[PDB]
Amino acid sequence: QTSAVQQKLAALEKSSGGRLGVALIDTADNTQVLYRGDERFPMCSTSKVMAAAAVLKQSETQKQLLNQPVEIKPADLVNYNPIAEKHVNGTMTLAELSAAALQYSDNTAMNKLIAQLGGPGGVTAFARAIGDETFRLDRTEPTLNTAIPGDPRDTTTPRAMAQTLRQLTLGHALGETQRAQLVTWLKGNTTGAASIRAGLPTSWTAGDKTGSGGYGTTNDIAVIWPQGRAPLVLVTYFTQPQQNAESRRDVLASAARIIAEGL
């Protein structure tokens, strides 16, 4: 039977007209709260966390990798390059590319991270290595954001992503220095003020990575540190029936608000 929490999420879903996916992990007792937790959703930019994490994993055995300068050619620019455009015919280190990809959702930066890993398959390979058997990255930017209904490309489930995000930020899928670096990047995100963060108590600290794409796909995954209690991991994926549907970050904030009550 559904709980009052799942009932509220379903009501929110019905009201929005789309399909909502939610996964909450409370590390206090390791219990999970899920809504369509095992259904696949287009990740869009939330996949950038896996790519950045994969590069962090590589740097565990190559201490200076993050500081390795990477050339940015005019032709490398894609559809959204807020940071990469400032370095055309110049360079960006993998750490700078990671920060740009995670904190500003720079798409060129993501393509450089994917390239560093040997292609989309390299990102998926990292996922499998850390126990994520669901995640799959098939394309590069910007086509990985098409978010076509039913298409399994570039998707994952809320449960899988929440489990993986916990392993990466609170668990030990990454080495000590690397885990901390990921947390630092997620906490400094500049794109999530209207998503999960908007629905959490203002006293709570959080790190997040948003995502958006076709079909009004609006996503956000976050790691949360409530005041006076063990941390949480929350994933909120949302997609709609029609290709040009508008963004609905408010739905994600609403889902977070629902999830936060009674904790």
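Residue positions are given as counts along the sequence shown, with the first one as 1.
Looking at mean Cα B-factors across 230-238 and 61-69, the upper value is held by 61-69.
Between 141-149 and 176-184, it is 141-149 that carries the larger average Cα temperature factor according to the deposited entry. Across the residues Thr31, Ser47, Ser195, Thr217, the deposited record lists the maximum Cα B factor for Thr31. Within the group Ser105, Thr169, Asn89, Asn79, the record's highest C-alpha temperature factor is found at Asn89. In the deposited entry, the Cα temperature factor of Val5 sits in the bottom third of values across the chain's modelled residues. Among all modelled residues in its chain, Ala125 ranks in the highest third by Cα B-factor. Per-chain ranking of the deposited C-alpha B factor places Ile221 in the lowest third. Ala245: CA B factor lies in the highest third for its chain, per the PDB record. Sort the chain's modelled residues by C-alpha temperature factor and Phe41 lands in the middle third, per the entry.
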